[PDB]
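Source file: run-v1.pdb. Holds: PDB, C-alpha atoms (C1' of nucleotides) and all ligand atoms.
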ATOM      1  CA  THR A   2      49.277  24.242 103.835  1.00  0.00           C
ATOM      2  CA  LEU A   3      46.148  22.600 102.453  1.00  0.00           C
ATOM      3  CA  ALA A   4      47.167  19.245 103.951  1.00  0.00           C
ATOM      4  CA  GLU A   5      47.421  20.742 107.449  1.00  0.00           C
ATOM      5  CA  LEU A   6      44.001  22.372 107.098  1.00  0.00           C
ATOM      6  CA  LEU A   7      42.449  19.150 105.794  1.00  0.00           C
ATOM      7  CA  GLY A   8      43.669  17.114 108.760  1.00  0.00           C
ATOM      8  CA  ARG A   9      41.832  19.490 111.109  1.00  0.00           C
ATOM      9  CA  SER A  10      38.691  19.799 108.964  1.00  0.00           C
ATOM     10  CA  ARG A  11      35.355  18.766 110.440  1.00  0.00           C
ATOM     11  CA  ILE A  12      35.161  15.822 108.036  1.00  0.00           C
ATOM     12  CA  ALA A  13      38.566  14.594 109.218  1.00  0.00           C
ATOM     13  CA  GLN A  14      37.295  14.777 112.810  1.00  0.00           C
ATOM     14  CA  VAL A  15      34.847  11.923 112.162  1.00  0.00           C
ATOM     15  CA  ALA A  16      36.699   8.647 112.654  1.00  0.00           C
ATOM     16  CA  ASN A  17      36.628   6.186 109.760  1.00  0.00           C
ATOM     17  CA  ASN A  18      33.688   3.804 110.128  1.00  0.00           C
ATOM     18  CA  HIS A  19      32.573   1.009 107.791  1.00  0.00           C
ATOM     19  CA  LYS A  20      30.334  -0.803 110.272  1.00  0.00           C
ATOM     20  CA  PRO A  21      27.016  -1.906 108.717  1.00  0.00           C
ATOM     21  CA  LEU A  22      24.495   0.921 108.636  1.00  0.00           C
ATOM     22  CA  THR A  23      21.788  -1.782 108.768  1.00  0.00           C
ATOM     23  CA  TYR A  24      22.726  -4.002 111.719  1.00  0.00           C
ATOM     24  CA  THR A  25      20.239  -6.576 113.030  1.00  0.00           C
ATOM     25  CA  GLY A  26      22.285  -8.021 115.903  1.00  0.00           C
ATOM     26  CA  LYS A  27      22.423  -6.892 119.511  1.00  0.00           C
ATOM     27  CA  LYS A  28      23.024  -3.160 119.944  1.00  0.00           C
ATOM     28  CA  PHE A  29      24.618  -2.103 123.235  1.00  0.00           C
ATOM     29  CA  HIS A  30      25.966   1.370 122.392  1.00  0.00           C
ATOM     30  CA  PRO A  31      26.198   3.821 119.474  1.00  0.00           C
ATOM     31  CA  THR A  32      28.195   2.630 116.466  1.00  0.00           C
ATOM     32  CA  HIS A  33      28.074   5.680 114.156  1.00  0.00           C
ATOM     33  CA  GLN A  34      28.631   9.384 114.723  1.00  0.00           C
ATOM     34  CA  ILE A  35      25.378  11.325 114.439  1.00  0.00           C
ATOM     35  CA  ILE A  36      25.592  14.172 111.934  1.00  0.00           C
ATOM     36  CA  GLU A  37      23.325  17.183 112.427  1.00  0.00           C
ATOM     37  CA  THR A  38      22.470  19.988 110.016  1.00  0.00           C
ATOM     38  CA  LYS A  39      20.833  23.281 110.911  1.00  0.00           C
ATOM     39  CA  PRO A  40      17.358  24.107 109.549  1.00  0.00           C
ATOM     40  CA  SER A  41      18.761  26.731 107.166  1.00  0.00           C
ATOM     41  CA  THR A  42      21.272  24.271 105.698  1.00  0.00           C
ATOM     42  CA  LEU A  43      18.670  21.489 105.548  1.00  0.00           C
ATOM     43  CA  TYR A  44      16.530  23.726 103.335  1.00  0.00           C
ATOM     44  CA  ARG A  45      19.481  23.697 100.896  1.00  0.00           C
ATOM     45  CA  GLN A  46      20.351  19.983 101.296  1.00  0.00           C
ATOM     46  CA  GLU A  47      23.666  21.075 102.846  1.00  0.00           C
ATOM     47  CA  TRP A  48      25.079  18.716 105.482  1.00  0.00           C
ATOM     48  CA  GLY A  49      28.794  19.442 105.109  1.00  0.00           C
ATOM     49  CA  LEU A  50      29.289  16.166 103.249  1.00  0.00           C
ATOM     50  CA  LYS A  51      30.637  15.786  99.712  1.00  0.00           C
ATOM     51  CA  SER A  52      27.242  15.866  97.964  1.00  0.00           C
ATOM     52  CA  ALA A  53      23.759  17.210  98.611  1.00  0.00           C
ATOM     53  CA  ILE A  54      21.530  14.855 100.606  1.00  0.00           C
ATOM     54  CA  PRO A  55      18.283  14.057  98.727  1.00  0.00           C
ATOM     55  CA  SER A  56      15.481  16.528  99.422  1.00  0.00           C
ATOM     56  CA  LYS A  57      13.202  13.665 100.496  1.00  0.00           C
ATOM     57  CA  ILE A  58      15.100  13.618 103.804  1.00  0.00           C
ATOM     58  CA  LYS A  59      13.252  15.716 106.393  1.00  0.00           C
ATOM     59  CA  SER A  60      15.199  14.611 109.474  1.00  0.00           C
ATOM     60  CA  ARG A  61      18.069  16.800 110.666  1.00  0.00           C
ATOM     61  CA  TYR A  62      20.112  13.790 111.852  1.00  0.00           C
ATOM     62  CA  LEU A  63      21.895  11.106 109.846  1.00  0.00           C
ATOM     63  CA  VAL A  64      24.686   8.544 110.086  1.00  0.00           C
ATOM     64  CA  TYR A  65      26.951   7.698 107.153  1.00  0.00           C
ATOM     65  CA  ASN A  66      29.797   5.414 106.109  1.00  0.00           C
ATOM     66  CA  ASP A  67      31.150   6.736 102.780  1.00  0.00           C
ATOM     67  CA  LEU A  68      31.178  10.264 101.386  1.00  0.00           C
ATOM     68  CA  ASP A  69      30.948   8.826  97.860  1.00  0.00           C
ATOM     69  CA  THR A  70      30.836   5.358  96.320  1.00  0.00           C
ATOM     70  CA  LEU A  71      31.064   3.583  92.983  1.00  0.00           C
ATOM     71  CA  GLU A  72      27.243   3.708  92.892  1.00  0.00           C
ATOM     72  CA  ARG A  73      27.438   7.540  92.867  1.00  0.00           C
ATOM     73  CA  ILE A  74      25.461   7.788  96.120  1.00  0.00           C
ATOM     74  CA  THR A  75      26.231   8.581  99.733  1.00  0.00           C
ATOM     75  CA  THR A  76      25.854   5.649 102.130  1.00  0.00           C
ATOM     76  CA  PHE A  77      23.760   7.103 104.947  1.00  0.00           C
ATOM     77  CA  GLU A  78      20.719   6.447 107.114  1.00  0.00           C
ATOM     78  CA  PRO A  79      18.536   9.442 108.124  1.00  0.00           C
ATOM     79  CA  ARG A  80      18.422   8.633 111.844  1.00  0.00           C
ATOM     80  CA  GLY A  81      19.965  10.090 114.984  1.00  0.00           C
ATOM     81  CA  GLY A  82      18.133   8.183 117.682  1.00  0.00           C
ATOM     82  CA  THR A  83      20.995   7.138 119.966  1.00  0.00           C
ATOM     83  CA  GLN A  84      21.130  10.713 121.288  1.00  0.00           C
ATOM     84  CA  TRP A  85      17.614  10.394 122.720  1.00  0.00           C
ATOM     85  CA  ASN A  86      18.618   7.194 124.512  1.00  0.00           C
ATOM     86  CA  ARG A  87      21.457   9.079 126.210  1.00  0.00           C
ATOM     87  CA  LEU A  88      19.280  12.076 127.094  1.00  0.00           C
ATOM     88  CA  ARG A  89      16.555   9.811 128.480  1.00  0.00           C
ATOM     89  CA  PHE A  90      19.167   8.133 130.664  1.00  0.00           C
ATOM     90  CA  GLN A  91      20.189  11.581 131.904  1.00  0.00           C
ATOM     91  CA  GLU A  92      16.560  12.348 132.763  1.00  0.00           C
ATOM     92  CA  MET A  93      16.311   9.191 134.882  1.00  0.00           C
ATOM     93  CA  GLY A  94      19.113  10.567 137.080  1.00  0.00           C
ATOM     94  CA  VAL A  95      20.497   7.143 138.015  1.00  0.00           C
ATOM     95  CA  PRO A  96      24.319   7.279 138.246  1.00  0.00           C
ATOM     96  CA  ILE A  97      26.210   4.320 136.816  1.00  0.00           C
ATOM     97  CA  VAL A  98      27.913   2.358 139.599  1.00  0.00           C
ATOM     98  CA  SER A  99      30.503  -0.416 139.519  1.00  0.00           C
ATOM     99  CA  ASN A 100      29.148  -3.761 140.708  1.00  0.00           C
ATOM    100  CA  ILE A 101      32.774  -4.727 141.477  1.00  0.00           C
ATOM    101  CA  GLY A 102      33.587  -1.541 143.407  1.00  0.00           C
ATOM    102  CA  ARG A 103      36.443  -0.564 141.110  1.00  0.00           C
ATOM    103  CA  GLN A 104      38.105   2.839 141.071  1.00  0.00           C
ATOM    104  CA  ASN A 105      36.331   5.551 139.103  1.00  0.00           C
ATOM    105  CA  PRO A 106      37.875   5.527 135.586  1.00  0.00           C
ATOM    106  CA  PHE A 107      37.350   9.294 135.172  1.00  0.00           C
ATOM    107  CA  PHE A 108      39.631  10.200 138.104  1.00  0.00           C
ATOM    108  CA  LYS A 109      43.435  10.055 138.059  1.00  0.00           C
ATOM    109  CA  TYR A 110      43.859   7.713 141.012  1.00  0.00           C
ATOM    110  CA  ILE A 111      47.188   6.673 142.517  1.00  0.00           C
ATOM    111  CA  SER A 112      47.062   2.912 141.941  1.00  0.00           C
ATOM    112  CA  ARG A 113      49.569   0.360 143.206  1.00  0.00           C
ATOM    113  CA  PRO A 114      50.628  -3.192 142.212  1.00  0.00           C
ATOM    114  CA  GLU A 115      47.876  -4.872 144.254  1.00  0.00           C
TER     115      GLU A 115
ATOM    116  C1'   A B   1      66.896 -45.100  28.977  1.00  0.00           C
ATOM    117  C1'   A B   2      65.014 -40.333  27.966  1.00  0.00           C
ATOM    118  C1'   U B   3      62.178 -36.633  24.934  1.00  0.00           C
ATOM    119  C1'   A B   4      58.419 -35.776  21.418  1.00  0.00           C
ATOM    120  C1'   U B   5      54.207 -37.515  18.401  1.00  0.00           C
ATOM    121  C1'   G B   6      49.941 -40.405  17.364  1.00  0.00           C
ATOM    122  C1'   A B   7      47.244 -43.998  19.826  1.00  0.00           C
ATOM    123  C1'   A B   8      43.543 -48.706  20.858  1.00  0.00           C
ATOM    124  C1'   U B   9      41.774 -47.980  25.403  1.00  0.00           C
ATOM    125  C1'   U B  10      40.141 -45.528  29.723  1.00  0.00           C
ATOM    126  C1'   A B  11      39.410 -41.695  34.078  1.00  0.00           C
ATOM    127  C1'   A B  12      37.953 -36.815  36.049  1.00  0.00           C
ATOM    128  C1'   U B  13      35.541 -32.263  35.259  1.00  0.00           C
ATOM    129  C1'   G B  14      33.149 -27.451  33.339  1.00  0.00           C
ATOM    130  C1'   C B  15      29.352 -24.895  30.876  1.00  0.00           C
ATOM    131  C1'   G B  16      24.899 -24.818  28.454  1.00  0.00           C
ATOM    132  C1'   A B  17      19.799 -25.270  27.983  1.00  0.00           C
ATOM    133  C1'   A B  18      16.184 -28.319  30.306  1.00  0.00           C
ATOM    134  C1'   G B  19      12.782 -31.299  32.768  1.00  0.00           C
ATOM    135  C1'   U B  20      12.486 -35.450  36.271  1.00  0.00           C
ATOM    136  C1'   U B  21      12.565 -37.971  41.583  1.00  0.00           C
ATOM    137  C1'   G B  22      12.725 -36.144  46.315  1.00  0.00           C
ATOM    138  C1'   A B  23      12.841 -31.781  49.852  1.00  0.00           C
ATOM    139  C1'   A B  24      18.983 -31.856  52.231  1.00  0.00           C
ATOM    140  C1'   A B  25      20.395 -26.517  53.690  1.00  0.00           C
ATOM    141  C1'   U B  26      18.954 -20.963  55.240  1.00  0.00           C
ATOM    142  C1'   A B  27      13.653 -19.505  60.904  1.00  0.00           C
ATOM    143  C1'   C B  28      13.974 -24.025  66.604  1.00  0.00           C
ATOM    144  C1'   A B  29      13.996 -24.890  58.152  1.00  0.00           C
ATOM    145  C1'   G B  30       9.917 -28.362  60.990  1.00  0.00           C
ATOM    146  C1'   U B  31      15.408 -34.721  63.461  1.00  0.00           C
ATOM    147  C1'   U B  32      20.554 -28.185  65.743  1.00  0.00           C
ATOM    148  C1'   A B  33      24.212 -27.442  61.699  1.00  0.00           C
ATOM    149  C1'   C B  34      28.946 -28.349  60.682  1.00  0.00           C
ATOM    150  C1'   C B  35      34.317 -30.970  61.335  1.00  0.00           C
ATOM    151  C1'   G B  36      37.009 -35.737  61.412  1.00  0.00           C
ATOM    152  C1'   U B  37      36.038 -40.778  60.626  1.00  0.00           C
ATOM    153  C1'   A B  38      33.174 -45.419  59.704  1.00  0.00           C
ATOM    154  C1'   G B  39      28.977 -48.092  57.707  1.00  0.00           C
ATOM    155  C1'   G B  40      24.496 -47.841  54.608  1.00  0.00           C
ATOM    156  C1'   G B  41      21.150 -45.831  50.715  1.00  0.00           C
ATOM    157  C1'   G B  42      17.859 -43.898  43.503  1.00  0.00           C
ATOM    158  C1'   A B  43      19.425 -39.082  44.596  1.00  0.00           C
ATOM    159  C1'   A B  44      20.131 -35.414  47.598  1.00  0.00           C
ATOM    160  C1'   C B  45      21.405 -37.725  52.170  1.00  0.00           C
ATOM    161  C1'   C B  46      20.688 -41.339  56.744  1.00  0.00           C
ATOM    162  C1'   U B  47      23.129 -43.612  61.000  1.00  0.00           C
ATOM    163  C1'   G B  48      27.256 -44.473  64.790  1.00  0.00           C
ATOM    164  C1'   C B  49      31.553 -42.105  67.784  1.00  0.00           C
ATOM    165  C1'   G B  50      34.058 -37.681  69.540  1.00  0.00           C
ATOM    166  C1'   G B  51      34.643 -32.554  68.502  1.00  0.00           C
ATOM    167  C1'   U B  52      32.935 -27.195  67.338  1.00  0.00           C
ATOM    168  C1'   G B  53      29.173 -22.871  67.917  1.00  0.00           C
ATOM    169  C1'   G B  54      29.934 -20.662  62.692  1.00  0.00           C
ATOM    170  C1'   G B  55      22.659 -22.446  68.062  1.00  0.00           C
ATOM    171  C1'   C B  56      20.357 -21.553  73.173  1.00  0.00           C
ATOM    172  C1'   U B  57      25.348 -15.184  77.803  1.00  0.00           C
ATOM    173  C1'   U B  58      18.780 -15.594  73.782  1.00  0.00           C
ATOM    174  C1'   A B  59      21.342 -14.320  80.510  1.00  0.00           C
ATOM    175  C1'   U B  60      16.642  -9.493  84.154  1.00  0.00           C
ATOM    176  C1'   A B  61      13.278  -9.426  91.998  1.00  0.00           C
ATOM    177  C1'   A B  62      10.630 -14.821  97.352  1.00  0.00           C
ATOM    178  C1'   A B  63       7.744  -7.184  98.118  1.00  0.00           C
ATOM    179  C1'   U B  64       7.821  -5.042 103.143  1.00  0.00           C
ATOM    180  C1'   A B  65      12.288   0.771 106.920  1.00  0.00           C
ATOM    181  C1'   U B  66      12.745   4.943 112.161  1.00  0.00           C
ATOM    182  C1'   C B  67      11.753   9.938 117.671  1.00  0.00           C
ATOM    183  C1'   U B  68      12.872  16.476 119.291  1.00  0.00           C
ATOM    184  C1'   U B  69      11.964  22.279 120.221  1.00  0.00           C
ATOM    185  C1'   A B  70       6.531  23.753 112.451  1.00  0.00           C
ATOM    186  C1'   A B  71       8.521  28.506 113.309  1.00  0.00           C
ATOM    187  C1'   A B  72       7.713  35.377 117.782  1.00  0.00           C
ATOM    188  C1'   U B  73      13.037  30.936 115.289  1.00  0.00           C
ATOM    189  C1'   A B  74      13.769  27.814 109.063  1.00  0.00           C
ATOM    190  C1'   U B  75      11.674  29.625 104.512  1.00  0.00           C
ATOM    191  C1'   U B  76      12.720  36.437 103.091  1.00  0.00           C
ATOM    192  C1'   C B  77      17.796  38.580 102.765  1.00  0.00           C
ATOM    193  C1'   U B  78      20.994  42.440  96.998  1.00  0.00           C
ATOM    194  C1'   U B  79      27.972  44.112  99.378  1.00  0.00           C
ATOM    195  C1'   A B  80      24.900  44.621 104.603  1.00  0.00           C
ATOM    196  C1'   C B  81      26.285  42.940 109.304  1.00  0.00           C
ATOM    197  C1'   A B  82      30.398  42.744 111.293  1.00  0.00           C
TER     198        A B  82
HETATM  199  K     K C   1      19.530 -32.561  58.335  1.00  0.00           K
HETATM  200  K     K C   2      30.659 -35.658  59.912  1.00  0.00           K
HETATM  201  K     K C   3      28.790 -38.342  60.493  1.00  0.00           K
HETATM  202 MG    MG C   4      12.798 -34.719  56.062  1.00  0.00          MG
HETATM  203 MG    MG C   5      14.503 -29.767  55.290  1.00  0.00          MG
HETATM  204 MG    MG C   6      17.215 -30.138  59.840  1.00  0.00          MG
HETATM  205 MG    MG C   7      20.802 -46.759  57.774  1.00  0.00          MG
HETATM  206 MG    MG C   8      26.655 -36.380  66.477  1.00  0.00          MG
HETATM  207 MG    MG C   9      21.552 -21.001  62.605  1.00  0.00          MG
HETATM  208 MG    MG C  10      25.021 -16.064  68.927  1.00  0.00          MG
END
Starting from the coordinates I provided, produce the structure as structure tokens.
Amino acid sequence: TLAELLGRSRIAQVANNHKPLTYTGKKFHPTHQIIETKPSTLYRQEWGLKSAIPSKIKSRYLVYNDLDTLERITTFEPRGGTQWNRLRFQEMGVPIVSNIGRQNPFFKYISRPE
RNA sequence: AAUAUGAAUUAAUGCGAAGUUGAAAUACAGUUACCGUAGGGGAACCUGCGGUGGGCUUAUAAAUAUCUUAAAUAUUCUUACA
């Protein structure tokens, strides 16, 4: 059915987020999912959102909150810069270690009631 | 006692022409107007108290914005590729 397809659509895959797109507090990790469009689609203002992104946007990365609003605009910011922070961390090749010597969370360890 | 008539006597008002004394109202009408009420004054009107808008909704910024392969690759593409 159409409902089944919609639930699995790429737009459905992005978790609902209404966090401020302009946040001036302390940032410790990414808050919005970066959206990327290919160069061919960018030439046609196609991002896979509800409406065409304004042609003024030359970046290929954005973050958004609402597909449409009462102001008849998309709420988005044309930035994708948290990906470069992650890739620069990867280039520094420093593994993240636990200062408390806890078990690795990414391994299925056999824990006990200690 | 009622009804009708006339009535000394006396009250209110309309229209007509037509000047006079002011300039109260319509614009922020030159003191916002009007409602109720009270007092005062040649005349409109003036003043006090509250009410109404049938006057002020007539309302319109203390400005400041961001990084990924610009192309041998996107931009071309005509039912083709798959
Ligand atoms: K007056
Ligand atoms: K009055
Ligand atoms: K009065
Ligand atoms: Mg006067
Ligand atoms: Mg006058
Ligand atoms: Mg006046
Ligand atoms: Mg007086
Ligand atoms: Mg008054
Ligand atoms: Mg008036
Ligand atoms: Mg008015």
* Convert the output of the PyMOL selection byres (((not hetatm)) within 12 of (chain C and resi 4)) on the shown file into explicit residues, formatted as a ChimeraX atom specification. => /B:22-25,29-31,44-46
* **Straight-line distance linking CA of residue 58 (chain A) with CA of residue 46 (chain A), stated in Å to one decimal** =>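 A separation of 8.6 Å between them.
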Please report, as JSON lines, each residue of chain B lying at most 9 Å from chain A, together with the nearest pair of atoms and the separation in Å rounded to one decimal; use all atoms listed in the file, and order rows by chain and ascending residue number.
{"residue": "B:66", "atom": "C1'", "partner": "A:80", "partner_atom": "CA", "distance": 6.8}
{"residue": "B:67", "atom": "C1'", "partner": "A:82", "partner_atom": "CA", "distance": 6.6}
{"residue": "B:68", "atom": "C1'", "partner": "A:85", "partner_atom": "CA", "distance": 8.4}
{"residue": "B:74", "atom": "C1'", "partner": "A:40", "partner_atom": "CA", "distance": 5.2}
{"residue": "B:75", "atom": "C1'", "partner": "A:44", "partner_atom": "CA", "distance": 7.7}
* Would you list the residues that come within 10 Å of ligand K 2 (chain C)? Count all atoms listed in the file and give the answer as a list in words. => residues 34, 35, 36, 37 and 51 of chain B
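Once only C-alpha atoms (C1' of nucleotides) and all ligand atoms are used for the distance check, the residues close to ligand MG 9 (chain C) at 8 Å turn out to be residues 26, 32, 33 and 55 of chain B.
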* By how many Å are CA of residue 95 (chain A) and CA of residue 107 (chain A) apart? ->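 It comes out at 17.2 Å.
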* Asked: How many Å separate CA of residue 49 (chain A) from CA of residue 36 (chain A)?
  ->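 Atom-to-atom, CA of residue 49 (chain A) to CA of residue 36 (chain A), that is 9.2 Å.
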* Identify which of the residues B:17, B:81, B:38, B:56 lies closest to ligand K 3 (chain C), counting all atoms listed in the file when measuring atom-to-atom distances. => B:38
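Distances here use all atoms listed in the file; by that measure, the residue among A:33, A:109, A:57, A:51 closest to residue 18 (chain A) is A:33.
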* Could you tell me which residues the PyMOL selection byres (((not hetatm)) within 8 of (chain C and resi 7)) grabs in this file, written as an MDAnalysis selection string? => chainID B and resid 40:41 46:47
* Selected by the PyMOL selection byres (((chain A and resi 65) around 6) and not hetatm) in the shown coordinates: which residues, as number ranges by chain? -> A: 64, 66, 76-77
As a PDB file with C-alpha atoms (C1' of nucleotides), in the coordinates of the input, please: every protein or nucleic acid residue near ligand MG 8 (chain C) (cut-off 9 Å, counting all atoms listed in the file).
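Once everything was written out, this is selection-v4.pdb:
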ATOM      1  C1'   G B  48      27.256 -44.473  64.790  1.00  0.00           C
ATOM      2  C1'   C B  49      31.553 -42.105  67.784  1.00  0.00           C
ATOM      3  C1'   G B  50      34.058 -37.681  69.540  1.00  0.00           C
TER       4        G B  50
END
Taking 6 positions as the minimum chain separation for residues in the same chain, which residues sit within 12 Å of residue 86 (chain A) when counting all atoms listed in the file? Answer as a PDB file with C-alpha atoms (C1' of nucleotides), keeping the file's coordinate frame.
ATOM      1  CA  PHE A  29      24.618  -2.103 123.235  1.00  0.00           C
ATOM      2  CA  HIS A  30      25.966   1.370 122.392  1.00  0.00           C
ATOM      3  CA  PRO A  31      26.198   3.821 119.474  1.00  0.00           C
ATOM      4  CA  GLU A  92      16.560  12.348 132.763  1.00  0.00           C
ATOM      5  CA  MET A  93      16.311   9.191 134.882  1.00  0.00           C
TER       6      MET A  93
ATOM      7  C1'   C B  67      11.753   9.938 117.671  1.00  0.00           C
TER       8        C B  67
END
* **Given all atoms listed in the file as the counted atoms, nearest of B:77, B:1, B:15, B:28 to ligand MG 6 (chain C)** => B:28
